[PDB]
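K.L.:
Test case, fold it:
(one chain, ligands or ions: 1)
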Amino acid sequence: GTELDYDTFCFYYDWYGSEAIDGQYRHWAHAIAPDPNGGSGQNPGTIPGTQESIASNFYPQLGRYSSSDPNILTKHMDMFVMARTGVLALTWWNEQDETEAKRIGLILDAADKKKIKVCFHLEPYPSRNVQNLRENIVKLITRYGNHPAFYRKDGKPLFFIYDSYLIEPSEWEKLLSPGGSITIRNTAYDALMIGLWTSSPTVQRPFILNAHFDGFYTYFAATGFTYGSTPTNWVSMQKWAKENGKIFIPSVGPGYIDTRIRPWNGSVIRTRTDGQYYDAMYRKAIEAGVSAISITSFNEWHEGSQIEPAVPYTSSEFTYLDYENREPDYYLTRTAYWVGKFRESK
Ligand SMILES: OC[C@@H]1[C@@H](O)[C@H](O[C@H]2O[C@H](CO)[C@@H](O)[C@H](O)[C@@H]2O)[C@H](O)c2nccn21
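P.N.:
Numbering: from 1, shown residues only. Now the structure:
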């Protein structure tokens, strides 16, 4: 009851920088978003990413780390082993820069040492469309597909597609129908394509079918943020998935808070309550009878959904939230608990 689960996907962010390694404490410093309902002339400012003031309501046990530091990567992979999360679902922004390329190779290498697998979470990069998506899928499978840590499920790579609704089903069909003009089906570049189910079934069911997605995930850690992230819908979403040959990968998270970077977004806060929120959400995923589960997140520190260890910290600039009556690694060990319960259910 300690082995990795390769149907458990944990969303991982590689965008953190340090002055020493990256030239800037990347992402630890971050713009504060203006209030989308708050009128003109806002000067919301920025979080400077100093030791005292970072762009999170929580504070990492590992400090203001670099995602390109091989020693941090080793520690993260040991944390995945503790959590029993076999798949690292890597945020991918199509930066087309040598620093991205280096980082992806470092992550794959570190993952392989611990038998962790890596798949890609394809983000909404500029001018994203099905043609450049195909080209990027080809590039990723070509560059990384023979890496021993590259994930496959029953012989197929798997990609999560964030904000897949931003692209019309008539475009998706070209890529994802077996008859599509630029199909990946039956090619060397075929993959399980997992789209983001947001809103109501009346909208999302025909979209998933007409776009030829292999499955869907929900992402948001905050319960009730969307229809898809409301766990009382998961039984019915799974029933529909099974009836239509789709893979449902609900996303569970331990809490949510992003008010350092989005001070106006307090309605989305979901309190951790010493792990009871995480337990409730993970239980609903398991009870829905799904084949795979995703975890939002390993380390989206801006959104306060991370399971990565956090420590108490009060600086002159901010009093951070922390894991309260739980130890810093509690969310990793509680993840392992739920992975066990999930496996018992399969
Ligand atoms: O991973 C899914 C998606 C991300 O696209 C999204 O990134 C945006 O927001 C973050 C701040 O949270 C910012 O730092 C990024 O540069 C990007 O603009 C964010 O991680 C998120 N939240 C829900 C879904 N996402």
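
K.L.:
which residue ranges form the helices in the chain?
P.N.:
19-22, 70-83, 98-113, 130-144, 169-176, 201-211, 234-243, 276-287, 330-345 (DSSP state H).

K.L.:
relative to helix 201-211, how tilted is the fifth one?
P.N.:
What that stands for is helix 169-176. 40 degrees (axes from the mean of the first three to the mean of the last three CA atoms, to 10 degrees).

K.L.:
Same question for the last one.
P.N.:
Helix 330-345 and helix 201-211 meet at an angle of 70 degrees, taking the same axes, to 10 degrees as the criterion.

K.L.:
who touches the residue nearest to residue 214 when sequence neighbours are not counted in this structure?
P.N.:
Using CB to CB, 6 or more residues apart in numbering and skipping the chain neighbours, the partner closest in space to residue 214 is residue 192 (4.5 Å). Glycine gets a C-beta too; all of them are placed from N, C-alpha and C. By CB atoms under 8 Å, 6 or more residues apart in numbering, residue 192 lies in contact with 153, 156-159, 214-215, 247.

K.L.:
Could you measure from residue 192 over to residue 213?
P.N.:
According to CB to CB, to the nearest Å, residue 192 and residue 213 sit 9 Å apart.

K.L.:
Just want the residue of the stretch 1-150 of the chain that's nearest the ligand.
P.N.:
As assessed by CB to the nearest ligand atom, the ligand sits closest to residue 123 within the stretch 1-150 of the chain, at 4.7 Å.

K.L.:
Please tell me how far that residue sits from residue 160.
P.N.:
Note on residue 123: its distance to residue 160, by CB to CB, is 9 Å.

K.L.:
Any idea how many residues pack against residue 10?
P.N.:
By other CB atoms under 10 Å, the residues close to residue 10 number 23.

K.L.:
Quick check: it touching residue 300?
P.N.:
No - if you go by CB atoms under 8 Å, residue 10 and residue 300 don't touch, sitting 10.7 Å apart.

K.L.:
Ignoring the adjacent residues along the chain, who's closest to residue 52?
P.N.:
Take residue 52 and drop its neighbours on the chain: the residue closest to it by CB to CB, 6+ apart is residue 315, 3.6 Å away.

K.L.:
Test my guess that the one you found contacts residue 53.
P.N.:
Yes - with contact defined as CB under 8 Å, residue 315 reaches residue 53; the gap is 6.8 Å.

K.L.:
And the two? Which one has more around it.
P.N.:
residue 53 (16 against 13).

K.L.:
give me every residue that touches the more buried one.
P.N.:
Going by CB under 8 Å, 6+ apart, residue 53 touches 47, 315, 317-318.

K.L.:
show me the contacts for the closest residue to it other than its chain neighbours.
P.N.:
In space, and not counting its chain neighbours, residue 53 is closest to residue 317: 4.2 Å by CB to CB, 6+ apart. Taking CB under 8 Å, 6+ apart as the criterion, residue 317 is in contact with 50, 52-53.

K.L.:
ditto for residue 315
P.N.:
Contact analysis of residue 315 by CB under 8 Å, 6+ apart lists 51-53.

K.L.:
now residue 194: how far from the ligand?
P.N.:
Using CB to the nearest ligand atom, to the nearest Å, residue 194 is found at 13 Å from the ligand.

K.L.:
who touches that residue in this structure?
P.N.:
Shown in contact with residue 194 (CB under 8 Å, 6+ apart): 158-161, 213-217, 247, 249.

K.L.:
Tell me the one of the residues you listed nearest residue 286?
P.N.:
Taking CB to CB as the measure, residue 286 lies nearest residue 249 of the contacts of residue 194, at 12.9 Å.

K.L.:
so who does the closest one touch?
P.N.:
Counting by CB under 8 Å, 6+ apart, residue 249 touches 9, 160, 194, 215-217, 290-294.

K.L.:
before we move on, back to that, kindly reformat the contacts of residue 194 as TSV containing distance to residue 34.
P.N.:
Below are those laid out as TSV (distance: CB to CB, whole Å):
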residue	distance to residue 34
158	36
159	32
160	29
161	28
213	34
214	38
215	35
216	31
217	29
247	38
249	33
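
K.L.:
nearest to the ligand, of those residues?
P.N.:
Distance to the ligand across those (CB to the nearest ligand atom) is lowest for residue 160, with 8.6 Å.

K.L.:
How many residues are close by the closest residue in space to residue 78 that isn't next to it in sequence?
P.N.:
Leaving aside its sequence neighbours, residue 78 sits nearest to residue 114 (CB to CB, 6+ apart; 6.9 Å). Using other CB under 10 Å, residue 114 is surrounded by 16 other residues.

K.L.:
Likewise for residue 260?
P.N.:
Around residue 260 there are 21 other residues, counting by other CB under 10 Å.

K.L.:
Many thanks, have a good one.
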